[PDB]
Amino acid sequence: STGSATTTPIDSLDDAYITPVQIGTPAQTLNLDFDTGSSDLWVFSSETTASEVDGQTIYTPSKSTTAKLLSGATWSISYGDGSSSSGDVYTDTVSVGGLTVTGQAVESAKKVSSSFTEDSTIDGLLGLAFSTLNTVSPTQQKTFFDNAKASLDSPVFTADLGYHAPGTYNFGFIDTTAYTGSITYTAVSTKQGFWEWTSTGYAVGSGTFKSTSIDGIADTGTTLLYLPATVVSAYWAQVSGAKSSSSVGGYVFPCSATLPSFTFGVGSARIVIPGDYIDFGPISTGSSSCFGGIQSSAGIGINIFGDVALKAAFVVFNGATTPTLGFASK
Ligand code: NA
């Protein structure tokens, strides 16, 4: 089997991407944030505290003939950005892009933090990291990909995120039309439950490539590119008037600037992030200070290849017995 679903930016900045997911019988379609940095499929629901719902589409298990309470199971998750959610668990049929999993754990939110409530466009998350990070207790649950894997034509999914445009998540096949050149594969450590890999270095604009190992995760649920402070300072030093603002919480730059590209290494290959991808617009409406898309990972404890980096590539998440990541230009 295979599945193919379009993923759409939630706003004009590509702050996140939503992908429609069918849950239950008859189908309830919710727009989920597919997150390769977490392992819970959780949704706004009929159980969510009413004051914490503001515009989201909710999953109502009582209206699904295939829903069953997973008795005793609870979940609670906290993300890198400080947001959180928790609740109880149902199993139900979940389909993405025509690919169906029966018996998927659907984590129903009883509580969500303010950032979720305030984002009316995201109805929940579908985690695509390794199932060892799943928060369900007392019986850890499998991700949608892990449940689908054995049925797929190939044990892979791919992320093809758009810049200010829709993209695609495919399951079970490589679309050889979706990228240019060849896919370069690189080793993955699953020791922290992430798609953790080591970039071979970077370049700023037309500058020389610096060969240096940068360990980090491929995380579709993180908007920005978080890299070591040395790399980040080297990037922003090429932008006149850029500075790190403690008040704003990262590097800002004059909105009048033209940003340089940023290149990262994948083995001997190179992925180029155009400068425009690094512009996250005014820090507040009408400001001439713009927020940068490349930020320091110092104090986060891991480097994160978030959407700013991943949307410059066709990314293969190879879930074979020995997982690997693939990157191609597109
Ligand atoms: Na922000």
# chains A, B, ... in the order shown; residues from 1 in each chain; ligands from 1
>>> residues_around(residues="residue 115 (chain A)", least_positions_apart="3", cutoff="12 Å", atoms="only C-alpha atoms", output="VMD selection string")
chain A and resid 52 to 54 78 to 79 81 to 85 111 to 112 118 to 122 124
>>> write_last_selection(atoms="N, CA and C atoms", output="compact mmCIF listing (two decimals), in the first residue's frame")
# COMPACT_ATOMS: atom_id res chain seq x y z
N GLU A 52 -10.73 25.77 25.98
CA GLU A 52 -9.44 25.56 25.31
C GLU A 52 -9.63 25.25 23.83
N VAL A 53 -10.84 25.22 23.35
CA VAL A 53 -11.13 25.03 21.92
C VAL A 53 -11.54 26.39 21.37
N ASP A 54 -10.93 26.82 20.29
CA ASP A 54 -11.28 28.10 19.63
C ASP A 54 -11.13 27.92 18.11
N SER A 78 4.92 17.38 26.36
CA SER A 78 5.45 18.76 26.42
C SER A 78 6.40 18.91 25.26
N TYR A 79 6.26 19.94 24.47
CA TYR A 79 7.11 20.17 23.29
C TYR A 79 8.24 21.15 23.62
N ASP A 81 8.86 23.98 22.38
CA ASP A 81 8.40 25.39 22.44
C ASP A 81 7.69 25.67 23.76
N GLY A 82 7.56 24.74 24.70
CA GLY A 82 6.85 25.02 25.95
C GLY A 82 5.37 24.66 25.92
N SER A 83 4.82 24.27 24.77
CA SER A 83 3.40 23.88 24.66
C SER A 83 3.23 22.45 25.17
N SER A 84 1.99 22.12 25.43
CA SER A 84 1.69 20.81 26.06
C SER A 84 0.23 20.48 25.82
N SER A 85 -0.04 19.18 25.95
CA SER A 85 -1.39 18.66 25.87
C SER A 85 -1.42 17.30 26.59
N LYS A 111 -6.88 18.42 27.75
CA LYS A 111 -6.28 19.73 28.02
C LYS A 111 -5.26 20.01 26.94
N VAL A 112 -5.23 21.27 26.52
CA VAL A 112 -4.20 21.78 25.61
C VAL A 112 -3.69 23.11 26.15
N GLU A 118 -4.90 28.86 20.65
CA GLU A 118 -4.77 30.11 19.86
C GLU A 118 -4.51 29.84 18.41
N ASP A 119 -4.20 28.62 18.02
CA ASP A 119 -3.96 28.26 16.61
C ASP A 119 -5.18 27.49 16.11
N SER A 120 -6.13 28.17 15.53
CA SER A 120 -7.40 27.56 15.09
C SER A 120 -7.17 26.61 13.92
N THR A 121 -6.03 26.67 13.26
CA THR A 121 -5.81 25.94 11.98
C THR A 121 -5.27 24.54 12.25
N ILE A 122 -4.78 24.25 13.45
CA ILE A 122 -4.15 22.94 13.75
C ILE A 122 -5.06 22.18 14.70
N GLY A 124 -4.54 19.10 15.72
CA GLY A 124 -3.77 18.10 16.46
C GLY A 124 -2.49 17.81 15.73
>>> residues_near_ligand(ligand="ligand 1", cutoff="9 Å", atoms="only C-alpha atoms and all ligand atoms", output="count of residues only")
6
>>> closest_residue(among="A:123, A:146, A:40, A:215", to="residue 189 (chain A)", atoms="only C-alpha atoms")
A:215
>>> closest_residue(among="A:137, A:303, A:154, A:147", to="residue 94 (chain A)", atoms="only C-alpha atoms")
A:147
>>> closest_atom_pairs(of="region 233-322 of chain A", to="region 216-227 of chain A", cutoff="8 Å", atoms="only C-alpha atoms", output="Markdown table")
| residue | atom | partner | partner_atom | distance |
| --- | --- | --- | --- | --- |
| A:293 | CA | A:224 | CA | 5.2 |
| A:294 | CA | A:225 | CA | 4.8 |
| A:295 | CA | A:226 | CA | 4.9 |
| A:296 | CA | A:227 | CA | 5.2 |
| A:297 | CA | A:226 | CA | 4.8 |
| A:298 | CA | A:227 | CA | 7.8 |
| A:302 | CA | A:216 | CA | 6.1 |
| A:303 | CA | A:216 | CA | 4.3 |
| A:304 | CA | A:226 | CA | 4.9 |
| A:305 | CA | A:218 | CA | 4.9 |
| A:306 | CA | A:222 | CA | 4.7 |
| A:307 | CA | A:223 | CA | 4.9 |
| A:308 | CA | A:224 | CA | 5.2 |
| A:309 | CA | A:225 | CA | 6.1 |
| A:310 | CA | A:220 | CA | 7.2 |
>>> closest_residue(among="A:184, A:206, A:244, A:114", to="residue 325 (chain A)", atoms="only C-alpha atoms")
A:184
>>> residues_around(residues="residue 205 (chain A)", least_positions_apart="6", cutoff="8 Å", atoms="only C-alpha atoms", output="list in words")
residues 260, 261, 262 and 263 of chain A
>>> atom_distance(atom1="CA of residue 93 (chain A)", atom2="CA of residue 165 (chain A)")
29.2 Å
>>> closest_residue(among="A:276, A:92, A:47, A:35", to="residue 106 (chain A)", atoms="only C-alpha atoms")
A:92
>>> select_by_dssp(residues="region 15-242 of chain A", states="strand (DSSP E)", output="PyMOL selection string")
chain A and resi 17-23+28-35+41-43+68-78+84-96+99-112+124-127+156-160+167-171+184-187+196-204+210-218+225-227
>>> select_by_dssp(residues="region 43-288 of chain A", states="alpha helix (DSSP H)", output="PyMOL selection string")
chain A and resi 114-117+144-148+229-236
